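In the form deposited in one PDB entry, a lone chain appears below as structure tokens.
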């Protein structure tokens, strides 16, 4: 588990398997972005079912994911975003959050994460999706031509 900024952490399956460091970081909100879901405090969770594949549509879930993290942080809760390896799915979500909150281009946000964890390497599909996210104004605009074209491409063989 690695701290991105105060109250905001990301990691892999390890991070959730050892709920002591979790307790010590005071984490009470957990966003799982993975193929499956993983104390004495109320706990909030969001599960975003997703495989670590370029064909996986994370883009459509980004506003929900970012809203979950944002609301938790706005409420003073520490947040963990985790995948299986802590390298791609969770990395994409964190990047999207940094992008939207700071209004930061994809390359700048991702650069920040890679400094923190050089082993961070989201799949190439997720990179493209975050570029679309920026191009849409850091939003999932379902009425945009960008989103419609992206979804048409997603359903092709």
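We call the rigid core the largest set of C-alpha positions that still match within 1.5 Å between the two forms. Numbering follows the first chain given and starts at 1.
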item	value
Residue 49 to residue 50: deposited residues without atomic coordinates	none
29-37 or 105-113, whichever carries the higher mean Cα B-factor	105-113
Which of 120-128 and 91-99 has higher mean CA B factor, as the PDB entry lists it	120-128
Record-listed C-alpha B factor of residue 77: chain third	middle
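One more form of this protein should be noted, the form deposited in another entry, which is absent from this view; the next part is about it.
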{"item": "Core superposition between the shown form and the other one, C-alpha change of residue 25 at least 2 Å", "value": "no"}
{"item": "Exceeds or equals 2 Å, Cα of residue 146 between the shown form and the other one, core fit", "value": "yes"}
